[PDB]
Structures are given as structure tokens and as C-alpha cells.
Amino acid sequence: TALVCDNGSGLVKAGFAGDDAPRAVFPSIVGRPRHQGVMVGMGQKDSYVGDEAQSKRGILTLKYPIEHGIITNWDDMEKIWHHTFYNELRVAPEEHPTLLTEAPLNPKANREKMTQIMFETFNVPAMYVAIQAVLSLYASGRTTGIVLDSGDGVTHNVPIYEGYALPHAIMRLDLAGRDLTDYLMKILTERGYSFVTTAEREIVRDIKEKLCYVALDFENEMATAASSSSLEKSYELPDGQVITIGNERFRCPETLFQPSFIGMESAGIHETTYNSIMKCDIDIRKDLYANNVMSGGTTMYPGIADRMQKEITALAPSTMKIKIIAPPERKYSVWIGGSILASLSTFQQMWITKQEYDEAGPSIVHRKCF
Amino acid sequence: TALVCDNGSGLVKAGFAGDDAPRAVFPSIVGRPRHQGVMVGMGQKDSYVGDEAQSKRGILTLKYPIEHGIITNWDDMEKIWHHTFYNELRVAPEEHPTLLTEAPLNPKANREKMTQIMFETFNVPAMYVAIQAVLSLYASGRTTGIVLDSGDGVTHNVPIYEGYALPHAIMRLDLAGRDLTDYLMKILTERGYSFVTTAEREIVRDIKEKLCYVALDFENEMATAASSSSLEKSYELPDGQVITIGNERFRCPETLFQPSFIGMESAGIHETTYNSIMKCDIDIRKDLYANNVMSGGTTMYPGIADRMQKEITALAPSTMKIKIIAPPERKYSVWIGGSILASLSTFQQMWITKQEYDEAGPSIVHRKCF
Amino acid sequence: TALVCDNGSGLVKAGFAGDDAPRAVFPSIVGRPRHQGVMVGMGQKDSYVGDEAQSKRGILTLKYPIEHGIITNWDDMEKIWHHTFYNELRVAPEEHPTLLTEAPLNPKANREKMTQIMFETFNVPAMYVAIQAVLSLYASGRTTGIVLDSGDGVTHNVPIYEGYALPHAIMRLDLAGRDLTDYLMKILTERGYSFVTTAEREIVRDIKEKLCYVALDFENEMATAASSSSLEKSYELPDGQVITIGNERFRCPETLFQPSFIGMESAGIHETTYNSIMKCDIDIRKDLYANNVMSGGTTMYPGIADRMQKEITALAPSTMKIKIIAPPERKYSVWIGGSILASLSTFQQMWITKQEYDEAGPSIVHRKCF
Amino acid sequence: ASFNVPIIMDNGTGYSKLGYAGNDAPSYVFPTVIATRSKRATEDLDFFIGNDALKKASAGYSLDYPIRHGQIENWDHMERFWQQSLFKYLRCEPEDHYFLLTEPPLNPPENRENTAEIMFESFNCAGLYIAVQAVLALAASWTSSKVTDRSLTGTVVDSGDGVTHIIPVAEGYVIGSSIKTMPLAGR
Amino acid sequence: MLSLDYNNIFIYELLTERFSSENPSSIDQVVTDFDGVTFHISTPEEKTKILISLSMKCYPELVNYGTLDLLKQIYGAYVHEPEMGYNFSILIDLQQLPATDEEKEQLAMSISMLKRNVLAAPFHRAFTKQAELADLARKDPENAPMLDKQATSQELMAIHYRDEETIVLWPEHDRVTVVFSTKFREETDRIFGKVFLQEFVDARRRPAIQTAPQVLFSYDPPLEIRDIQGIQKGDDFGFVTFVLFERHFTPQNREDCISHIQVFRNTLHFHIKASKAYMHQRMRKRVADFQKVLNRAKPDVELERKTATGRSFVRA
Ligand SMILES: Nc1ncnc2c1ncn2[C@@H]1O[C@H](COP(=O)(O)OP(=O)(O)O)[C@@H](O)[C@H]1O
Ligand SMILES: Nc1ncnc2c1ncn2[C@@H]1O[C@H](COP(=O)(O)OP(=O)(O)O)[C@@H](O)[C@H]1O
Ligand SMILES: Nc1ncnc2c1ncn2[C@@H]1O[C@H](COP(=O)(O)OP(=O)(O)O)[C@@H](O)[C@H]1O
Ligand SMILES: Nc1ncnc2c1ncn2[C@@H]1O[C@H](COP(=O)(O)OP(=O)(O)O)[C@@H](O)[C@H]1O
Ligand SMILES: [Mg+2]
Ligand SMILES: [Mg+2]
Ligand SMILES: [Mg+2]
Ligand SMILES: [Mg+2]
């Protein structure tokens, strides 16, 4: 069996090809102690990673090696990969071929360096680097559709027709779950709650995951939340203190539809999705509109598929159906589709093998992978 | 083995690493005669120390060389340390490492002169200075908690999470059992009884140690004593005359909760403990609330743990379990935890050594004992 | 004539539009007596404000109704505004429109209560609530710049280009001169000096602003202080006791560059200034580097403009001039800027008039002010 | 062997004397001390040695003497002391040069083993001679290098910072059965 | 140390002593350096007069690239006839020194800096000729491609500066390119050196250091050096290329850039050594972790109480 990893910008999803769900899902985080250990014989470690960094976060500064789908810290990424292999899956990396995964329109250096580290540091037998949105069609059982994938670091559109991608119509938006956590920390300040530290950011991420939703019509929802407390909810901090939340409960996710809330000049997720369909050839658009696939954690908000169908129906011509397939497992659909792909008998000649890498160098990945 | 010398403000507590309790426990006092020494011979001395000063006190001016946790008189502190080694433990200090202790937020020079006298007067092979509240946490069997330690001269709060101290959240309060003894002299004067001399200050310290206690609700206890004989009881002086007291039994300890009784502008020991928890990072607060550790003789009052729990429960949010840990041996927890620490094998590498002091001078303590 | 009142966390600055300095500068303090008032007559009051509280402080518990730029005590803040208008400026507030100030990223309730109290108790005809660092740019005579403002409670960076603020690039740090004063109380304890009453905090505040300075290279000044007497200076307490102080003169202000000295996870003021420029659009950064405007009392240290210029030159690319702009009057520049804005002939349409408050209520302020 | 001048390192308990064969003095004579610190890990790069370590006690570095009573006892610190000797002070490439090292007559088999692996695997020197130290001090006693001035029989009393040892040598042969050591010297 | 000094530290300290000294003693001191370089420092006729002489296997190549002109410009009246077995020499007379401590200090620095001054002439020839090509390309931008193509062969410097390194460099109107034809012959340094040379090139692809010279790497040679005599494509050499653009040798920065590029392979060689000391501390830390897994096989027994010297104790 192959390994498959979505090295996501916020969570690692790792496991074996042919299994139904990731074996290991954990924070894509390394934490380091900020205070001095006064107590002798304690289990003091130089750094912590994943769920152990998340558990100990009150004494750690927390860093993510991936920002916007780009590996910005290679040492902390190597710590995360070492943790995936030896601690989480607890298999030696030399034994199984590994399907890694990436966002489209990344730096070419990100994929080469990821390839060089797997073959020369972890000594893997073979590996591949798939596009996250292509895997989301494999999980959905499609060969035609436009995938809106939105994780922690990047949002992207990939249109595919009958197994052919249209790489000129691919869209990237460096706005996803982390930018919505940053913005929820900022708009929590105006109700008087201060979240500042790297650990308080993880509490605000949990507030966003538990309470936020997408409002089907933002100005009617803003008028509703100004009229009564009925839209308000409460969250209890690890301190046992309670915070109450109101219009900032849906004004946070609206940054996906209104990127100007975080000050960036770009189209919202509905307009980048429509612009991706309108960059495609005219005969395929009619089938892309019926096959909008949603994937990744930032597509998990209550009401987002209803908002997304409403907005795409207003942009598209009214003479044809808009359908959006946002399945309940879509949080793991990139990994599920990678497990399907790495399990196909017709895929087993598509791996980059170690013997084929060390006659070509890490640029082999640009001609074996999309 | 190593000596552990918890040279506190009011009692010296001393013994060996790995012993169940201190085998030397005596007043931190030097006494000097205040009267005409008329009989020649008679076994007379220029000064007296500890239990010898406490038993001769009717003819001696008594003074403590240590006040508010700071050595004010080094010549009498050498006299006390000599009494610990040669009279009370009966050891050569040049044969044994010594673990010393002090309160946090002390003058730098206190640590320096204390290391200098240990290496240059007592010729010690090795020594260390521990923070008293960090020692008290080993005596609890804990590696996280907030320790409220109150001795004779100082009260302090130190929060520790998973062996990391949070030094910004450490609180000191220069109010403890000597301030409560002075206040008991001031209020005993209102019922008819004047205690004035340094010898009479030891009688009223002994009254405080067995008549006084902490009320669970001060204004109800104050009204119950104002309207009944039931809170009143008596004590017999060395002179055989009897002292009766009532609300003085709980008004004295209430100064820990209401420092304004002695003219101080500070939070009480309950609110100082809460302010220390609230200076810590938000994720650690839950485990600090569940681990409030009491220490030192000023925590030995009846009812103080029940009062401390009542008061912190009103300050913290109701959504969590406040627990106060008040062992019956908490009279000695700093010494007990020093005997744990001095017996650990990594601690054998943490000592300042004679050779290392001789190469560096007394500043070596600031770059090795934290 | 309009009034301008800059509600500082530590000082009120107040006066009239078109004047070149504030008429009233006084402590943002209310004091109440904490001792027995044994003497009838002799000019006593139940409470004292500003300079009266500062002169009588030995007998008072002082407190500031502002914490980190937020009003935490509204009844005391009414007493400060009443003192400002009736005692210190000697005006009827019903006759003059008032320009007020606050920090960015404040609670909305702060601005609502501040507009409500001003119309509904002071009967002000019209009022406005400016961002403090937008006013500091008016005083500097500029349309573009990044303003580092640091007062008593908050440090904030707001970048402005051609009169447009970038609200997403605004940085806030709840660390300024109160936190530096409390850290100086902390580290004065290691030299042997105890300052603990809120009146003694005002003595340490005065030690800070007569003796402290910013070291251009901190680790070299630490080595220089460890090997010289030349660093050390002396201060006369109100008691006529003389303290002497050394590396604590530059360790206190270095907390702005190393917030971990007070146990904060935040980046230093040089890093938050650079992070704020790097959140701006790439075309405006050149003019922000050349216009780093400094304001507020926590920017008044000797050598702070030079350390700020050195550190931001180490972050930025070397091909463009970093200019720190540090006016000699920069301690008042927010108030100077309010005097300009309230005097501008284009501003009189921007006031909230009581006629607008009478129909909209206090929520008017969020749509009239930035 | 290589035609480059051999490099001479006498690492004493007090002082290290560093230089090149045939010079009229050591190039360096400085204490056998290391100043060490007590998101990438670099605290093993941050050390100093010799006169430049004595300057670092006020900067919060812990000073240590990795040689005590004549014997190396901290091989982490002695490896860092040698790399800094070779690349800072002597400014040399070990692959080009043969080295003369020294230690006391008593010194453990373990010390010469640990010395050889640092010299041949860490630094990769071309070759190593670990000399019997006071046997060299007999040869320094000659009035000149010429064979007629040599006195190949003599007792040598060596007393440095850490140990003093008395070595009998006759006709150039060391009478190892007759070595005496006193554990007391300049320190 | 994280970075190597550029100057010979012994020559700097010795001259800083002798330029201050009340009573100079004689000296006779051969002193090694990196890259097979050697110095002789001596007082050959008086204690008053110090002769400093440099021996360097590539000095005949360096003379072809204008080295004597630069050494006469730097050392001036102090230049002396070469000593036997040495390529260059300078005589300093201790009674003829500059009138100030700061002029004396920068002279002691200048003479300690002599290995990087003899080796700087091909870099100054490239920088000054790039300024000619820059002015001609600024005159006619459509003729510039032919000037760059001819300068890539007619204005190329190669220095075989040690038997396992060739530095090759040339001007073009907007740059100086320099290629280190580089090798480690010691097998553990070849293995660690592959990691160092790989991570060196990947570092330049990250956002934080885009301000640096462009770097490229291979292990065949860059196209424009493939036919330089002594370059060889199968002979285990890697080829590190630096493209210095006009901003890397601006007048405020030329001498630091020259000093810093010459020490490239020396910092890499030094850090390949210092990495072993790091790996050894990484190892012995987890030898101490594996101790705790064996310590759980020791059954728990109380030891008798002992004094600091280990003598038995009789109390408690
Ligand atoms: N239920 C949810 N509702 C809203 N946001 C979510 C939810 N679950 C996860 N997220 C966001 O999505 C991120 C993880 O999604 P994922 O698809 O795994 O991203 P990635 O692949 O980049 O790691 C989280 O860190 C958080 O920002
Ligand atoms: N049972 C008690 N009840 C009240 N106070 C006590 C009791 N036992 C001891 N104390 C007081 O505690 C102080 C001594 O406590 P200790 O922890 O030994 O202080 P220290 O270490 O600073 O010398 C004295 O003020 C003493 O009177
Ligand atoms: N010269 C100075 N040097 C250093 N600190 C100063 C100086 N003058 C005032 N401060 C500090 O700055 C604050 C007062 O500055 P100010 O700008 O008026 O603050 P605010 O507006 O927020 O009240 C106080 O915390 C004070 O301690
Ligand atoms: N003039 C002197 N008189 C006495 N002792 C000296 C003198 N000069 C140096 N020393 C001492 O000699 C010792 C250093 O001698 P050295 O041979 O270099 O020792 P080692 O080789 O063991 O390190 C030190 O104790 C030093 O103080
Ligand atoms: Mg993903
Ligand atoms: Mg005590
Ligand atoms: Mg202010
Ligand atoms: Mg010796």
C-alpha cells in the first residue's frame, strides 16, 4: 500500500491508500517553549509537534511551516513529516511510496524541495505530488466539474472536463481559513475580547469552527442581528469565562464573498468560481455549472453551499441549472481522492521512482506531475 | 547526602537530603543580654542563638537577622548558620553540599553574600539557592500548580505549569506572620494587655499560634463574637496570669485577607493569588485553579483553606473547580521539597561547586540558580 | 471655539482649537483617602482628581479610570471630564463642541459610552471621536506616514497614504508607559528598592522619565554596565533618600523592543512597525519608510529614534531611506493634531450634532467617525 | 608526509601554546578555557576560547577549563577548543598539515583514543603525533639544535598549572617505571 | 564563530602589539593560512624593521590580472623586494609609522588583510571593466549583446587558486559572474558537503534573501566555462555560480563583496567541520535519553549517605 498525505496549510491528513479516511489528522504546527523550566526531572522537549503542541500550547509559541500553501519553514516541515512517519502512522518512510499533495500555481521550488527531501532525507522508494483539486474530483466520483477547494491557507478553482484540466482557467486566492481566523481575532476586539498570542489564535479558530456560519443575504442578516439577540451565541474559554458573539458570527465568513473586509483587492469565491467557468471553452461551461464541487475545511460553514448557489445563479445565465455538490465528508475529500488515486492499478506507472529521480534530479517532478 | 537549610525569616529549618522532615527547627533569632552581669563566671555568653535565646529571653534583647526575607544583619546570620552546622546538625559544612532557599524578588546582593559566606566562611564544597515556592511544589507531588507560600516575613505566589515557571506572574507581598504578631500586640492593647519588649513579642507569637484562626465570613463571626461569650477563650502567661481574648482570634489572621488593617494598600492573599493566575496565559489557568498549594507557617490557621477556597471561588468563573491543597505537613513543605530536590540525580549536576565559585566569584549564583 | 480633549491612559491633555499647546495637562487619575479622617474642617473632600490627587497621593489610593485606552470606570471618568471642563479649562461644556480621541481597535462600547456621557450628561452641542494616530499625522503636517503612537496604555501603528488609512494594516499592542513603569517597579526590587503603593508607582513613573533611556545596542550596553560605574545615576525620593540605578535605566525601555521581558509573546515596536508597512500595498511602502512618525510620551526616551532607525534599517531592504520623524513636541502631537482638525474650515460638517444623537442614539458615532 | 610545516599544540591545564614548527616562539599562548552559553539551534557555534573567553564572563557566558589536573575531561569542549584553535587562531587546513599534540605521562588510553578520533574524523588531519610532554622539555634545554650540544640523559621536572611530574630520561629513552607525579601545581 | 574573519588574525595582533610597543624584540615566524597560503614575518636586519612576506601557489596567474599594480597602490612606499621562497614582500619600519593610533590600527589591519588584497585584483579588474561595458551599453543598448558575448571570452579570469578549486569570473554590462569549480576530497566532507551545497542553492530560492547575488549549481559546468583549461565535467567537481549584479559591487560595497566572495568555500569547509561537533552534541543528548530506558532495569535500592569526597556519613 502507498502512503497519502494532504500536507495542508493547517492540518496534516495522513494514511494509507485504499483506506476510507485518514489514519492521522493533526495540526500542521510546531510549538517551542517560551518560558524556563525550573523543575528538574520534567519531560522537557526541545520542540513539540501536532496534537502535543496543541495540548501544551499555554507554554509554547506555535508556528505553522506552511503559509498560503507554500512551505515557509523547511525545518518545521521536516519535523512534521518525521512526526507523520515515525510517531503518527509509525511506519519507516523507505517502505511505502508516498502521494504528497499541493495547491495549483505554487512556487516550482516548493515541489522540487518537497521531492528532494522525500528522496534524500526520508529515502522514500517512490513518490508523486498531486493537485488537491484533481483529487477532490476522484473522491466525488466525477471526471467533469469545477472544484472550489478551500483549506486553511489557500482557496483555488480547478475546472476539469472529461478528465482534461484547463490550466489557463485555474484560479488561486491566497485567502482561506487562517485569514478568517485573523479577521475573527480583529473583529472580536470590537466587542472587547482580546486574543493576541499564538495560543489564543487556536481558541479563536475553535470559536470560528463552532459558531460561525455563512449568511444567505448579508444585509438582511446584519439588519436581523441589529434588531435582536436571537442570532447571538455563547462560547466558554479554557479559563471558564464566557464570551457572547453576534453579527461577527457571520461577518467573519463573509470575507470569502467580500475579500475587501481584510483589505485585499480581489473577487469573492463566487466571482472567482464564475470567472474560472467563463475562462473555459463555451461548450463545457453548461456542464461545469452543474458540477461545482466544494472541498476542504473552509467550505464547512453552515449555509455556504446555499449562499454559493444563490451567488453563482445571479452571475450565470438563468437558462441553465446551477448545482453545487458539497458532501458531508468534504473536509477529507482531497485525502480520500488521493487514497483512490494511489490505489488505482492504472496509476502504478505514474509514480516518480528513486532510480528515476537520481538520473534526473528534483526537476523530474515538473514532467511527471501536473 | 547534602544539607538542606531553609533559613526563613522566623524559623531556621534544617536537615539532610532524603530525610522525612527537618531534624533542626529553631527560632531565627540572636539574643544579647540587656542587664548588669554581676555574678562572675555563671556560664554567661556574649550572645545566644535559637532555642537558647528563646529560653533566656527575659534578660535578652532578641533580634532576627532576617526581615521580609532579606538578611539585614550578616554577622548574626553567620552566627545562626554556625549554630545550624556545628550545634544543631553537628556536621562539618566543608563535607556536605548545602541547598539554601530564598523568596522570589529579593535583592541580588542577598544571593551573592549568601553564596560568598557559604564558600568563604563555611568552606562548603557546593551550594545552590532555590526559590521557596518551587521547592514547595515538589513536596506536593505536583509539577503544575500555583503555590501560595507565607512564612514569618514574606508571602509569595509562584505559578508553575508543567515545570515552567511564569516569572512575570510571580507576586510578592511583604506581609506574613511577623506583621500578624505585631498587629496582635496592637489589638491586645485594646482589651487591657500591653506586650512591648522583643521578649513579649514571642509570648504574643505563641498566643497567635494556638488561639488565632480564620473566619469563613468575617462580618458574621465579628457579629457572633460581639453578641456571645462563645468565641472567647484564654491563655496563661509565663507569670501565671491569664489573658482572655474574643474577636482578636480572627481579626489578627483577617489582615491576610484585608491588609488595610495594618495600613497596607494591597490585595489580600486570595486576590493576590487570583491576580497571579490571571497574569498567566489563558490555557494554563484551569490547571492552576485546580492546584492552589498552601505553604509556610502563616497558612497553618484553622479555617484558612476553607476561606481561601470560598474567596477564590467568588473571583474565578463558576464554570470550574477551585481546589486548595493544604497538607497537614505544609508547615515544612519548602524544606520537604528541598530534601526531594537535593536527592535527585540531575540536581547533582546543578550545584555551584567550590572550584567554579573560586574561578568566578559570587556573581556565579545569578547565572546558575536561575 | 471648539474644545479638544485627548483622553490619555495616563495624562489628560485638553484645551481649545487653534491654540498651539494644551491649556490643561494633568494625571488621568482619581484618588480617594485610605486613612482615618480624625480632624473636622480643614478643607477635606471625599475624592481628588488630577494634580490634587498627585499632590495629596501619600494619603490616597490612586487609580486611573483608563486601562489600555479603554475606560474601565465610567463614574471616575465623569469626574475627570467634569474636572477638565469646570476646574481646569473653566468652561460650560454646553457652549463648546468637543473633539475627543481614542486608540484604534477599541471596544465599540467605549465609543458609545463616551458619546452618550458627552451629550446626555455634559450637554455638549456637537462632538467627534478621532483616532489618536490620525491626529498625530495632522500635527506633523503630512498626508502620508506610518504613525507609531505610544502613550501610557497602548502602542499602535496606523499607516496612512495620501490621506487614506489602511485599516487592515493597523497594529495594536497593549504595552506602553504603564507596563514600563510596572516593569521598573519589578526590577528596582532586585537593586533592593520596594515600591508597592499606587503612590510609590508614581515615584517609579518619575524615575522612569528622568533616568531611563534606550540603548542603541542592548547587549553591548549590558556588557558596558557590568564593567563600569559610568552608566549609573542617582535619584532623590520624596523622603530625601537617594537611590542609585544602572542597567535598569535601559532594561526598562528595551521592553518595547523585547516584550518577552514582561512575559508577552508580541513582536517589538520595530517589528510591528515593519509588519504594518509589509501589510500595506507594495507601491506605498517607500513613502511609509521615509515617514515613520513617532508620538506620545513612551516615544520621549533619549536614543529611541536612533534604535528605531537602526532596527527598521535591519528589517527593510537597504536601497531606501528609513527616516524616523521624532518632533521635540511629540508628547502633545495628538492634541496639536486635534487642534488643527477642529480648526479646519472643512471639518464643521463632520461633527456629530446633538440633533443627530437625538434621533439615532449613541450608535451614530460608528457611522460619523472612522 | 606533506612538505608543509607541522602544527604544534601544547594544551596545558592553564595555558594552550599554539604554533608552527621552526618558529622562535609559539604564535599564541592563552588560557585552556572555553566560554559557552548557559529558531535554529546554534549555541555550539556561539562559544569563545583563550583570551577572548576571559572577556565574555560579563556577557553571561559560563567559562570552563576542559583540562583539569593535566587530563582532558570534557570532550565536547576540547573538540570546540581545537576547532577554534585550528580555524580562528592557527587559521590552517588540517588536511594539509601534520600535528604534534601533548598530554601528561599518566594520561588514560581513553584520552589518546578520544584525541585521535577528533583529529582524524572531525578535523581530518593528515597525521598526528601525541608526544610525551616533558620529554620535549628536555630537548628545549639544549644550547643549540646541533648534535654536539645535546644532553640525552637528564631528569625533567615539569610543573604547569594542573600537575607536576618528574620524568627520568637516559640516552633519549624514558624510564617509564620511574615516573613520579605530584597532583599539585600552579593552580 | 558563525562567520570567518577575512584577515590573518596573528599578523593583526602581532602588528597591533609592535606598532604600540616601547621596546620591540626580534621575531622569526612562518605562519600558515587557508588555501595553502603562508606568511613569513621577521626582523631580518634590525628589531626596528619587520619584513612580512606572502607565499601563494597561484600568484603568477594573479600577476597577469593586475595584482602588482593593486599591491603597489595599497602598500605604497612599504613595498620591498620578494624574499627567497615567497612571492610578495613588504617592509615596515617601526620608527617610520603614522602619527595616530587610528592610522596605525588601519595599517596593522591593511597588512593582516594581505591574502585577500593579493587575491582581489581579478575582482577589481572585473568590476572596473563592467563599468566600461555598462557605459558602452548605456550608449547603444542594441550593440550591448555583442560586447557581452565577446567579454564572456576575452575578459574572463580563471584562477586555479588551489588544486581542488578553480574560481572563474567575467564582466558583462550589468554583472560580474563568478563560478567556483568546487570539490571536497575528504570523503565525509564530500558527503556532508553535498547537503551544504544543496541547501545553499535552495536558500537563494526563498523570499527572505532575494536581495543576494543569484546562485546556481550543477555537478556539467556552466556553458561559458566548459572549455577553460583545467575545468572537467566528470571529475567530481560541483560548480557554484554567483551572479553579482551592479547593486552587489556598488562603491559603498565593492571591498566587502570581494572579501566575502573569496571566503565562500572556506566558510563551507569550516561549517562542514563545525557540523560534526553539532551532530556529536545531538548524539550524546540521546545517549542520555537511552540511559533512562536502561535505568528502569536497575532495581530500586537506597545507597548509604556519603560526604562530598565520598567518605561514609553517620547521621539521620
Ligand atoms: N467546521 C469548520 N467550519 C469552519 N472552518 C473550519 C471547519 N473545520 C475546519 N475549518 C478551517 O479549515 C482549516 C482546515 O481545513 P483543511 O481542509 O484541512 O485545510 P488544510 O488542507 O489547508 O490544512 C482549519 O484550520 C480551519 O481554519
Ligand atoms: N499553627 C500556626 N498558626 C498560626 N501561625 C503559625 C502557626 N505555626 C506557625 N505559625 C507562624 O508562621 C511563622 C513561621 O512560619 P515559617 O514557615 O517557618 O516562616 P519562615 O520560613 O519564614 O521562617 C511565624 O510567624 C509563626 O508564628
Ligand atoms: N519623558 C518621558 N520619558 C519616558 N516616558 C515618559 C516621558 N514622558 C511621559 N512618559 C510616559 O508616557 C505616558 C504619558 O504619555 P502620553 O502620551 O501623554 O500618554 P497618554 O496619552 O496615553 O496618557 C506615561 O506612561 C509616562 O510614564
Ligand atoms: N613567574 C612565574 N612565577 C610563578 N608561576 C608562574 C610564573 N609565570 C607563570 N606561572 C604559573 O605557571 C602556570 C602555567 O604554566 P604552564 O606551563 O603554562 O602550565 P600548563 O602547561 O600546565 O597549562 C600558571 O599557574 C601560572 O600562573
Ligand atoms: Mg488541504
Ligand atoms: Mg519562610
Ligand atoms: Mg495616549
Ligand atoms: Mg602544563
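Residue numbers (the numbering used here), protein chains in the order written: chain S, -3 to 366; chain Y, -3 to 366; chain R, -3 to 366; chain G, 1169 to 1355; chain E, 13 to 328. Backbone N, C-alpha and C fix where the C-beta goes; we use that ideal spot for every residue, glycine too.
**Study point:** Where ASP47 of chain S meets chain G, residues with beta-carbon distance less than 8 Å
**Key:** By Cβ distance, chain G contributes nothing, its closest Cβ being about 21 Å from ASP47 of chain S, past 8 Å.
Point to revise | Outcome for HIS31 of chain Y when other beta-carbon atoms lying within 10 angstroms are tallied against a minimum of 16 | key: Answer is exposed; the Cβ neighbour count stays below 16.
Check your understanding: The alpha helix (DSSP H) spanning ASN271 of chain S covers which residue range?
Key -> Unbroken alpha helix (DSSP H) run through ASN271 of chain S: 265 to 275.
Check your understanding: What first and last residue would you give for the alpha helix (DSSP H) that runs through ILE76 of chain S?
Key -> DSSP places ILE76 of chain S inside the alpha helix (DSSP H), whose first and last residues are 70 to 79.
Point to revise | When Y:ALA211, Y:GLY242, Y:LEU212, Y:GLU215 are compared against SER224 of chain Y, the one with the closest alpha-carbon | key: The shortest C-alpha separation from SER224 of chain Y is found at Y:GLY242.
**Study point:** Supposed contact pair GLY357 of chain S and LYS327 of chain S - C-beta distance, whole angstroms, cut 8 Å
**Key:** The Cβ separation is near 36 Å, so there is no contact.
Exercise for review: For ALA172 of chain R, verify whether its CB is less than 8 Å away from any heavy atom of ligand 3.
Suggested key: Shortest gap from the CB of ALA172 of chain R to any heavy atom of ligand 3: under 8 Å.
Point to revise | Per-residue DSSP class, three states only, for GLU267 of chain E | key: Annotated three-state conformation of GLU267 of chain E is helix, per DSSP.
Check your understanding: Mapping DSSP to helix, strand and coil, what is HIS362 of chain Y?
Key -> Under the three-state reduction of DSSP output, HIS362 of chain Y falls in the coil class, being neither helix nor strand.
Check your understanding: Closer than 9 Å, CB to CB, is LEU1274 of chain G near chain Y or not?
Key -> By the rule that beta-carbons nearer than 9 Å mark a contact, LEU1274 of chain G does not touch chain Y.
Review point. So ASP354 of chain R is in the alpha helix (DSSP H); what residue range does that whole segment cover?
Key: Where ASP354 of chain R is concerned, the enclosing alpha helix (DSSP H) starts and stops at 350 to 356.
Practice item. List the whole-angstrom C-beta distance separating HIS64 of chain R from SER5 of chain R, where the pair is believed to meet the contact cut-off of C-beta under 8 Å. Key: Taking a contact as a CB-CB distance under 8 Å, the pair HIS64 of chain R and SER5 of chain R counts as one, their CB atoms being some 7 Å apart.
Point to revise | Cβ-heavy atom distance, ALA1353 of chain G to ligand 4, below 8 Å | key: Yes, Cβ of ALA1353 of chain G sits closer than 8 Å to a heavy atom of ligand 4.
**Study point:** Contiguous alpha helix (DSSP H) assignments of at least 4 residues, all confined to the segment 1231 to 1266 of chain G
**Key:** Counting only runs of 4 or more, we get 1243 to 1252.
**Study point:** Given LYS317 of chain Y as reference, the closest of Y:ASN287, Y:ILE113, Y:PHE343 once Cα atoms are compared
**Key:** It is Y:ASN287.
Review point. When Cβ atoms are compared, which residues of the segment 279 to 291 of chain E fall closer than 7 Å to chain G?
Key: The residues in question are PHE282, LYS285, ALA286, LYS288, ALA289, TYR290.
Review point. Can you tell me the Cα-Cα spacing of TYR82 of chain R and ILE76 of chain R, whole angstroms?
Key: For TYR82 of chain R and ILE76 of chain R, the distance between alpha carbons rounds to 10 Å.
Review point. So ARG201 of chain Y is in the alpha helix (DSSP H); what residue range does that whole segment cover?
Key: Segment 196 to 207, the alpha helix (DSSP H) holding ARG201 of chain Y.
**Study point:** Distance, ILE348 of chain Y Cα to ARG86 of chain Y Cα
**Key:** Spanning the two alpha carbons is a distance of roughly 23 Å.
Exercise for review: Starting from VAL210 of chain R, follow its DSSP beta bridges and name the residues at the other end.
Suggested key: As computed with DSSP, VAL210 of chain R is found in no beta bridge at all.
Check your understanding: For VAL130 of chain R, which of helix, strand or coil comes out of DSSP?
Key -> The answer is helix: DSSP assigns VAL130 of chain R an H, G or I state.
**Study point:** CB contact below 9 Å: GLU215 of chain R versus chain G
**Key:** With 9 Å as the cut-off, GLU215 of chain R counts as an interface residue toward chain G.
**Study point:** Nearest residue (CA-CA) to residue 2 of chain E, options E:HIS281, E:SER54, E:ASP268, E:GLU25
**Key:** A query on residue 2 of chain E cannot be resolved here, the shown segment of chain E reaching from 13 to 328 and no further.
**Study point:** the segment 91 to 102 of chain Y / the segment 51 to 58 of chain Y touching (three or more Cβ pairs under 8 Å)
**Key:** When Cβ pairs closer than 8 Å are counted between the two stretches, the segment 91 to 102 of chain Y is seen not to touch the segment 51 to 58 of chain Y, the count staying below three.
Check your understanding: Going along the segment 249 to 272 of chain R in order, which residues come within less than 9 Å of chain A, judged by CB to CB distance?
Key -> Here chain A cannot be found, since the structure's protein chains are S, Y, R, G and E.
Point to revise | Beta-carbon neighbours of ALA105 of chain S, restricted to chain E and to distances below 9 Å | key: In chain order: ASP214, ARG217, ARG218.
Check your understanding: Taking just the CA atoms, how far does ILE113 of chain Y sit from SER24 of chain Y?
Key -> Their backbone Cα atoms lie some 17 Å apart in a straight line.
Check your understanding: Just how far apart, CA to CA, sit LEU126 of chain E and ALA286 of chain E?
Key -> One Cα belongs to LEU126 of chain E, the other to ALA286 of chain E, and the distance between them is close to 26 Å.
Review point. At least one CB of chain R closer than 9 Å to the CB of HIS164 of chain Y: is that the case?
Key: Taking Cβ atoms only, chain R reaches closer than 9 Å to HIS164 of chain Y, which makes this a yes.
Review point. Around the Cβ of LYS204 of chain R, are there at least 16 other Cβ atoms within 10 angstroms (buried) or fewer (exposed)?
Key: Looking at its Cβ environment, which holds 16 or more other Cβ atoms inside 10 Å, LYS204 of chain R is buried.
**Study point:** Closest residue to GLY188 of chain Y among Y:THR194, Y:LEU180, Y:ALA195 (Cα-Cα distance)
**Key:** The shortest Cα separation from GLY188 of chain Y among Y:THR194, Y:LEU180, Y:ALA195 belongs to Y:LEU180.
Practice item. Mind listing which residues have their beta carbon within less than 6 Å of any non-hydrogen atom of ligand 5? Chain order is fine. Key: Those residues are S:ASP2, S:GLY4, S:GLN128, S:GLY147, S:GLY292, S:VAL330, given in chain order.
Practice item. Note down the Cα distance separating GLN107 of chain E from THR1210 of chain G, rounded to an integer number of angstroms. Key: Cα to Cα, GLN107 of chain E sits roughly 46 Å from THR1210 of chain G.
Practice item. Let me know the secondary structure DSSP gives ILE318 of chain R once reduced to three states. Key: Residue state, collapsed to three classes: coil.
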